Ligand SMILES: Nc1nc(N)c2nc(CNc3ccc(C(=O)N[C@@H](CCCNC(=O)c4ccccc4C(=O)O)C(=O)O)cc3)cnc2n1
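Let's start with one chain on its own, the form solved without the named molecule, as structure tokens.
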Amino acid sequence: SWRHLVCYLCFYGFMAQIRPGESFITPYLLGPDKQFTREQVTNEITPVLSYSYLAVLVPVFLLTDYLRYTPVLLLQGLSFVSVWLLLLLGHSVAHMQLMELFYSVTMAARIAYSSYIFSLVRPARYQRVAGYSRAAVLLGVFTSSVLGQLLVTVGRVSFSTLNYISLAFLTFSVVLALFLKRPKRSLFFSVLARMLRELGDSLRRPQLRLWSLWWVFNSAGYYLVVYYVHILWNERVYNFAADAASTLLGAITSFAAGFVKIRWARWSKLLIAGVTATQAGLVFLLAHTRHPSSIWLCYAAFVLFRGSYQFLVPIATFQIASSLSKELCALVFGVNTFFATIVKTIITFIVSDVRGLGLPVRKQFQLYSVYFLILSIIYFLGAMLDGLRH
């Protein structure tokens, strides 16, 4: 328990993020093996993922606390294994839709890990473990992306061999998940009413409410910028370089966030306001760039934006866990993720849709920068009001 409780947890996160074939799923489907046209992939396969993610996430956060966080992690690993099995053995569109449903399950089942890190360790070590786990997860993502790109570009492996490597890594990740310490049954746990009442009582607290609003709104803006950053530049090797550098800086900043010594009652709002203002500036930098010999600055801005967000994420998770005097950390995590996805979808429908305020990608990023600026301004006003009522 001295090393294989935290070191093993970080290793499991790192190796569970290892999926070399994850970033090449769409080219694999649009390849000689699967022989799928663009129409089938674009508007018959990925819609299943987009429309099922929330439908899977809704029970996930309700069940992860009661079943404890180990079964949900094992389910996520098995769902990734099923995703890759369907990738290697699917022939029809229905198989790919089922694979995307399992992928939505996998993406919904990460709050289980994000809370399991807190459930394992004493509350006095919440900040460091939150940083360690996020650093390990982002290092795993970076390693998976770099390994896949190396295997497909400089290496001469096919998309099938890369997917076989990913399946082997997922099998090893499942084996690792099979040896995770399941926490105690917990005093907590209709039960729904109990968890809803506890969620309300805990949201009454100021430290949890402040970082839950950040999770709902800053993450929604983060995912809007990250998802639309690829279309903005495309409207190539350097794009993957920017993504990998962003992921590495995010891992470094998440690791550093577990060592910062800040009194999280007077400068918690100020830190959020400063980070959000910096993110607004970086998104404006990503938006207002049109010089051909300036893409290095755009990539640096994107890297710094992702680094700032992944620096504040472990702080948010540790502050939410420490402000919860109940085994409902994953319920709050999932509720925040669900509301962040709802806000992201709403902003996507407004800024990017024919029915809504239809705008090009550059105007979309300008709107995202304005949104981040509004969030920063709100957090600065909240910090000023909190400091005035000392």
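Residues carry their position along the shown sequence, with the first being 1.
One more form of this protein exists, namely the form deposited with the named molecule bound; it is left out here, but the text below deals with it.
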item: Contact test in the deposited complex: residue 17 vs the named molecule, heavy atoms, 4.5 Å; value: yes
item: Proximity of residue 9 to the named molecule in the deposited complex, heavy atoms at 4.5 Å; value: no
item: Heavy atom of residue 49 within 4.5 Å of the named molecule in the deposited complex; value: yes
item: Touches the named molecule in the deposited complex: residue 41 (any heavy atom, 4.5 Å); value: yes
item: Listed range touching the named molecule, judged in the deposited complex by heavy atoms within 4.5 Å, from 99 to 107, 280 to 288, 192 to 200, 176 to 184; value: 99 to 107
item: 79, 268, 127, 310 - the one with a heavy atom within 4.5 Å of the named molecule in the deposited complex; value: 310
item: Heavy atom within 4.5 Å of the named molecule in the deposited complex - residue from 351, 321, 331, 29; value: 29
item: Site check 22, 25 and 306: each within 4.5 Å of the named molecule in the deposited complex by heavy atom; value: yes
item: Partner contacts in the deposited complex for 105 to 134 (non-hydrogen atom within 4.5 angstroms of the named molecule); value: 107, 110, 113, 114, 134
